[PDB]
Amino acid sequence: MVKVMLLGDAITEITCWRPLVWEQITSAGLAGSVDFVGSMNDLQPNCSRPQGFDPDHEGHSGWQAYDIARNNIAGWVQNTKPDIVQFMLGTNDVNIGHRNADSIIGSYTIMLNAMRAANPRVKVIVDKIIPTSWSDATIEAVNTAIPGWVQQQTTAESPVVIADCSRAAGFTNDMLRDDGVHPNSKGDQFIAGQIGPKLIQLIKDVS
Ligand SMILES: [Ca+2]
Ligand SMILES: [Zn+2]
């Protein structure tokens, strides 16, 4: 069994891209080979929940990378020992914390270090962050920084790869809810199509 932690904020907790990814996993022939792990298991009722879906995740609405890095991720990975960790974090660091991109990249490094302390062979997907409807420049600066962060951090033993969910990759404002931060169903389809093929490759790598 490959254990996968889907770490994040509301963009992971309240959305429907995780069931769409489960359907991609199921089609690939992997449904009985993957365990989604995490302390959460809620799924919104609007989502289409596929047969055999694993609702486990590590997404927490409103939570910041800053906090998760320093206070939570070590306990979360100790408890579940994932093989793969996929994340999108930083939206709330900007919109709630009023933190800068340097802070968010630093939090990424703290998080990756904790992941690796628990599992030196962890494979990681960092997501470029979806835009806001106002095209928040701090989110975009994180996105600009992510490739250099990956190039500095990745190793053959613990590969880090990008799932690019950004504006540059095609995330449009018509993929956002009225609040301007959360994806709607179109956004969720876009996100799933960016994460899922990256995740499936890594699953097969562990196998
Ligand atoms: Ca599970
Ligand atoms: Zn569960």
Side-chain angles (χ1 to χ4, degrees), residues 1-65 67-69 71-89 91-92 108 111-127 130 157-163 165 182-183 185 187-207:
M1 187 69 75
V2 176
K3 289 175 287 174
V4 178
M5 172 180 282
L6 306 174
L7 173 70
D9 53 28
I11 301 157
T12 297
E13 181 171 7
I14 71 168
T15 58
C16 315
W17 65 258
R18 288 187 284 101
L20 290 174
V21 172
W22 192 267
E23 298 180 45
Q24 290 180 38
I25 284 171
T26 295
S27 282
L30 293 168
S33 302
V34 178
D35 184 16
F36 287 169
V37 301
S39 75
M40 303 293 278
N41 45 73
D42 60 321
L43 190 69
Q44 292 280 309
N46 64 270
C47 298
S48 304
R49 188 165 173 165
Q51 179 151 9
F53 182 53
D54 188 347
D56 297 332
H57 65 90
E58 203 62 79
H60 303 266
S61 303
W63 294 38
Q64 299 177 48
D67 293 318
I68 288 172
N71 306 325
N72 307 108
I73 190 58
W76 290 334
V77 304
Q78 165 176 77
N79 284 356
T80 61
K81 306 197 157 62
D83 304 299
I84 301 161
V85 178
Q86 128 66 217
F87 72 97
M88 188 184 296
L89 287 168
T91 299
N92 295 313
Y108 291 4
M111 282 192 290
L112 182 55
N113 291 340
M115 298 170 206
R116 290 170 168 172
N119 177 6
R121 302 307 297 269
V122 69
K123 302 176 183 301
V124 176
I125 301 176
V126 51
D127 300 351
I130 67 172
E157 293 68 31
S158 178
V160 182
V161 306
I162 301 167
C165 300
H182 303 110
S185 63
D188 283 340
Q189 288 275 356
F190 178 81
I191 298 163
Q194 303 301 94
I195 300 178
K198 296 292 183 147
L199 178 61
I200 284 162
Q201 185 60 56
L202 292 189
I203 290 164
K204 307 172 166 182
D205 294 352
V206 176
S207 299

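Because only heavy atoms are used, hydrogens play no part in the values below, and waters and symmetry mates are left out as well, while side chains stay in. Counting starts at 1 for both ligands and their atoms, following the listed order. Start at 1 with the first residue, then count along the sequence.
- Contact between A118 and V77 at its shortest, heavy atoms only, is CB-CG2, 3.7 Å.
- Applying the ring-ring contact (aromatic ring centres under 6.0 Å, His included) test to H182 and every residue at least two apart in sequence or in another chain returns nothing.
- Nearest heavy atom pair, residue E58 against residue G38, reads OE1-CA, 3.3 Å.
- Note on the Ca ion (ligand 1): protein N, O or S atoms under 3.0 Å away count 5, no waters included.
- Taking OG of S33 as the start and CD1 of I203 as the end, the distance is 8.5 Å to the nearest 0.5 Å.
- Remark: the backbone N or O of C165 is not paired with any side-chain donor or acceptor of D127 at under 3.5 angstrom.
- Atoms of the protein (N, O or S only) found under 2.8 Å from the Zn ion (ligand 2) are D56 OD1, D56 OD2.
- Under the side chain to side chain contact (heavy atoms under 4.5 Å, CB included) rule, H57 has a single partner from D42, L7, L43, which is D42.
- Applying the side-chain contact (heavy atoms from CB on, under 4.5 Å) test to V206 and every residue at least two apart in sequence or in another chain returns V2, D83, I84, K123.
- Here the closest non-hydrogen pair linking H60 and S39 is CE1-OG, 3.7 Å.
- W17 approaches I11 most closely through the heavy-atom pair NE1-O, 2.8 Å.
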